[PDB]
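In: once you've seen the sequence and the experimental structure below, I've got questions.
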There are 2 protein chains.
Amino acid sequence: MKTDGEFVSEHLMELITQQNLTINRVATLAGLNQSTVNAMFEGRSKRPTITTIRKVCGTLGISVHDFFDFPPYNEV
Amino acid sequence: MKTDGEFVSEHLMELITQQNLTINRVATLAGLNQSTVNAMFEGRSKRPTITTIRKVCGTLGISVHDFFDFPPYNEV
């Protein structure tokens, strides 16, 4: 019912929002361009990549490991 | 000095090897094709995706969260 891009981008938006940031601000600080940002939240995109997730995590001050501590990714 | 694809694929190979599997066997069980497998370990590829990692993790019986419990991904 949800793609990996959807799980990831929704989690990312939750974390961004908890830090009183915006996706655009994170994009600017993480150095991704609007096209990459837009793709993340386009359901029919294969993005985000690990690289993109890593870069955003850097901006957020969290590890990629911690980023993925949510369902379904933290259960087998 | 290492791409994310290199960090990920090297970790994946360590885990596969610890389970006495081969990358080809995991590929067959996880249902990815040789092209996707080859891309994972091609340094100039942007792959693996989260999807591919998730699928392999399933075959390995581990969570994606646990997959990423190694450096650099488990530090900020």
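Out: Received it, and whenever you're ready, just let me know what you need. Residues are numbered from 1 along each chain as shown, chains lettered A, B, ... in the order given.
In: what's the helix or strand for the most centrally placed residue in chain A?
Out: The centre of chain A sits closest to residue A:12, judged by Cα atoms, centre = their mean, with a distance of 3.8 Å. If you go by DSSP states H and E, residue A:12 is part of helix A:4-18.
In: next structured bit after that helix?
Out: Next in line after helix A:4-18, if elements are assigned by DSSP H and E, sits helix A:23-30.
In: next, the angle from the following helix or strand past that following helix to helix A:23-30.
Out: Of the helices and strands lying after helix A:23-30 in sequence (DSSP H and E), the nearest is helix A:34-41. Between helix A:34-41 and helix A:23-30, the angle comes out at 120 degrees (axes from the mean of the first three to the mean of the last three Cα atoms, to 10 degrees).
In: quick one, helix A:34-41 and helix A:4-18 angle?
Out: Going by the same axes, to 10 degrees, helix A:34-41 makes 110 degrees with helix A:4-18.
In: quick one: end-to-end distance for stretch A:60-76.
Out: This stretch, stretch A:60-76, spans 26 Å end to end (Cα to Cα, to the nearest Å).
In: residues making contact with it?
Out: A:7, A:11-12, A:15-16, A:19, A:21, A:26, A:50, A:53-54, A:57, B:54, B:57-58, B:61-66, B:68-69, B:73-76 (Cβ atoms under 8 Å, 6 or more residues apart in numbering or on different chains). Yep, even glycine has a C-beta here, placed from its N, CA and C like the rest.
In: got the contact list for residue A:46?
Out: Applying Cβ under 8 Å, 6+ apart, we find residue A:46 in contact with A:5, B:49, B:51.
In: that one and residue B:72: what is the separation?
Out: Separation of residue A:46 from residue B:72 (Cβ to Cβ, to the nearest Å) stands at 23 Å.
In: for residue A:68, same thing?
Out: From residue A:68 to residue B:72 the distance is 14 Å (Cβ to Cβ).
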